[PDB]
Amino acid sequence: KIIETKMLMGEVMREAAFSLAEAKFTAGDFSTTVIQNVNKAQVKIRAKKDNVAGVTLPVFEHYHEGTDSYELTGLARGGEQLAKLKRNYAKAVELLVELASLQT
Amino acid sequence: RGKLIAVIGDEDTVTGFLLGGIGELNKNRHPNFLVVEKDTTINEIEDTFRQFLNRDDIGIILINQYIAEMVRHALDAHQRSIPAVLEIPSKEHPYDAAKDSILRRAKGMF
Amino acid sequence: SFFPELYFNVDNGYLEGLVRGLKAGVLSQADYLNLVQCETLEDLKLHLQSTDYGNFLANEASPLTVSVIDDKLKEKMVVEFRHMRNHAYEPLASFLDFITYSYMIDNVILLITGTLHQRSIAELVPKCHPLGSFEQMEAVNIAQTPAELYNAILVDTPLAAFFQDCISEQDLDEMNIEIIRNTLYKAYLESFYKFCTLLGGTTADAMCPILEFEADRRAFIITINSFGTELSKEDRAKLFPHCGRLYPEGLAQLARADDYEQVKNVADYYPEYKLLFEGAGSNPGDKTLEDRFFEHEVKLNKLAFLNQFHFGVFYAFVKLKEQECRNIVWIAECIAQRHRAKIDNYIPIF
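Going down the list, the protein sequences come from chains A, B and C. The first sequence begins at 50 in the UniProt record's numbering and counts up by one. The second sequence begins at 4 in the UniProt record's numbering and counts up by one. The third sequence begins at 2 in the UniProt record's numbering and counts up by one.
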């Protein structure tokens, strides 16, 4: 299954990367604010144990910690594209979390 | 609470995930991510990668494929399970497939 | 009035001819089509060389990337602007300074936050937008002390007057960085608008419509985007400029609104805007409201070039060329990522 997930990851990340292009088109240079203005995470990963057989394997589990992400309307107020961009990468992370568990 | 995801990648890749809600500062004001620019050298990338491996705060590390090639020796040298490292296609570099560490671990997969 | 068309050409005659000569070099619809028919970044370079663009990616890295062409496009127009800004006299130079102020504001927002999270100025300056410049010291080598940056700004930085809304430093630490920058920009628009009305000739009539649009356009988008966040309705209202068509009555409704539908009902009173909300189908695979606003803004900035004796031609020039850069980068990005069906999302600039 890990191969099919790797395949899917390709397509999902492509869409997320394109969505970024749209956000940049509208907003201009939002990457500078996002990278510098970082403090707390909204997404965190909790370790869990899966007893697949006699062997016990470490699996990751997605944890939506709940702390709010930064709200940015400063550049061209490109809020909608940034909002769709958050969603696309949010989903990408969830796939990747699954992906890391599958490497186990 | 348990584990953070560290990101080492280019400007657009890191920006995207940060908006994804992942990534934060540590209590020592260290960041669990690196933005890799054209002027960033190999020693700085590797030092960051290793330090994440030696940190208990992280775990999953997300890197760009082209980076995986830049410091590839550091990806095979450490074999454990904390550092689950996922290799993702950069905005322009094309879809990854070959030279995947896991694909190599198993030599029975197309 | 008889105010322009007489003394105007004495000092500003050259610049008017030059800037319209520069406008002539903007990509036409025929040229954009030639750029779309590439599917390769190197071919994109080759086709660009057919216009006033080109020969600026020479001597760069053999492989061409989107980030490189983006930075270079900015630099080209920055040089053209700085040239016109340098060969200018106070009657016009003050107008151009307002344009630069918009970029300075963004840059000082960057200087704070970084100062608030111990980062050195020398590390921050390389990522400041051109035209900010900040040739003055004291803003440099602040020793990562917020007070030193706030003192240097109050004294040396032309934006000092605007910060009168956000003062005492306490504001810098307690206010969200985005509320601070939106507040400061509103102050900018208010002063700049009044300045344009002091120049009560063709410039006021040709320029103010553009500023009035920006005021109302931001009020609309701010109201909508603010729905999903935590912000007091009164504090949101504090961010609405009063130089626009919503000021008499209308902003009061947006300040109370809690839904897109109510925002549209406000637009319903202004056919010039209602058409934008109706055109912004907002379907899962269509243009949105921001896209229609860009198309409208370009219409306005292009109409600015119908008056031959004013300063509004220089403002419109910058905005149209900035959109030109956005359009070119969009094409380069669509090529790199191979999303050919999305190529026709550029904003035509005639």
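Backbone N, C-alpha and C define an ideal beta-carbon position, used for all residues, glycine too.
Each of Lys187/C, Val37/C, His48/C and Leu160/C was checked against the Cα of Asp236/C, and the nearest Cα belongs to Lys187/C. Residue burial annotation: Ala207/C is buried, with at least 16 other C-beta atoms found within 10 angstroms of its C-beta. Non-local C-beta neighbours of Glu170/C in its own chain, meaning closer than 8 Å and more than five positions away in sequence, comprise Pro147, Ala148 and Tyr151, ordered along the chain. In the three-state reduction of the DSSP assignment, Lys94/B falls in the coil class, being assigned neither a helical nor a strand state. In the DSSP assignment, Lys6/B forms a beta bridge with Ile94/A. Chain order gives the chain A residues near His340/C as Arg63, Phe67 and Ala70, where near means a beta carbon separation below 9 Å.
Contact of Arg126/A with chain C by beta-carbon distance below 7 Å involves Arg219, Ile222, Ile223 and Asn226.
With the criterion set as a beta carbon lying under 8 Å from some beta carbon of chain A, the members of the segment 19 to 34 of chain B are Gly19, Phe20, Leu21, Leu22, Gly23, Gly24, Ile25, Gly26, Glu27, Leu28 and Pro34, in sequence order.
Secondary structure note for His111/A: its beta strand (DSSP E) is the uninterrupted segment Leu106 to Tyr112. Per the C-alpha coordinates, the member of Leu58/C, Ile100/C, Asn308/C and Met176/C positioned closest to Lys320/C is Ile100/C. Here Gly202/C has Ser2, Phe4 and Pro5 as same chain residues with Cβ atoms under 6 Å from its own Cβ, once five neighbours each way along the sequence are excluded. At least one CB of chain C lies nearer than 8 Å to the CB of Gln85/A. The straight-line gap separating the alpha-carbon atoms of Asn60/C and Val69/C is approximately 12 Å.
In this structure, DSSP gives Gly12/B an extended state, which the three-state scheme calls strand. Within the segment 101 to 174 of chain C, the runs of alpha helix (DSSP H) at least 4 residues long that lie entirely inside it are, in chain order, 122 to 125 and 147 to 156. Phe228/C places its beta carbon less than 8 Å from that of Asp259/C. Following the DSSP letters along the chain, one finds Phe315/C inside the alpha helix (DSSP H) bounded by residues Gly313 to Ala337.
If you check the CB distance, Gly127/A and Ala66/A do not come in under 8 Å. In its chain, beyond the 5 residues on either side, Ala188 have a beta carbon closer than 8 Å to the beta carbon of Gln165/C.
One finds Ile8, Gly23, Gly24 and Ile25 in chain B with Cβ atoms closer than 8 Å to the Cβ of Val92/A, taken in chain order.
Taking 8 Å as the cut-off, the Cβ atoms of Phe52/B and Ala80/B do not count as close. Cβ atoms of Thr122/A and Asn284/C stay farther apart than 8 Å, at about 23 Å.
Flagged as an interface residue toward chain A: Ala87/B, by a C-beta distance shorter than 8 Å. The DSSP-derived three-state label of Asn137/A is helix. Unbroken alpha helix (DSSP H) stretches of 4 residues or longer found wholly inside the segment 178 to 237 of chain C: 178 to 199 and 203 to 226, given in chain order.
Burial of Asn308/C is indicated by the presence of at least 16 other C-beta atoms within 10 angstroms of its C-beta. In this structure, DSSP gives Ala72/A a helical state, which the three-state scheme calls helix. A straight-line Cα-Cα distance of about 27 Å links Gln263/C and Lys300/C.
Under the 8 Å criterion on CB atoms, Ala102/A is classed as non-interfacial with respect to chain B. Within the same chain, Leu42 and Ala337 come within 8 Å of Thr66/C by CB-CB distance, once the 5 residues on both sides are set aside. Within 7 Å of the CB of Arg21/C, no CB atom of chain A is found; the nearest one sits about 26 Å away. Apart from the 5 residues on each side of it in sequence, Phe193/C sits with its Cβ closer than 7 Å to the Cβ of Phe99 and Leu212 in its chain, given in chain order. DSSP lists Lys102/B as the beta-bridge partner residues of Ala100/B. Think of a sphere of 8 Å around the beta carbon of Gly115/C: the chain A residues whose beta carbon falls inside it are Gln85, in chain order. Under the DSSP assignment, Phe278/C falls in the alpha helix (DSSP H) whose first and last residues are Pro272 to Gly280. Shown here, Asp99/A sits in a strand according to DSSP, grouped into three states.
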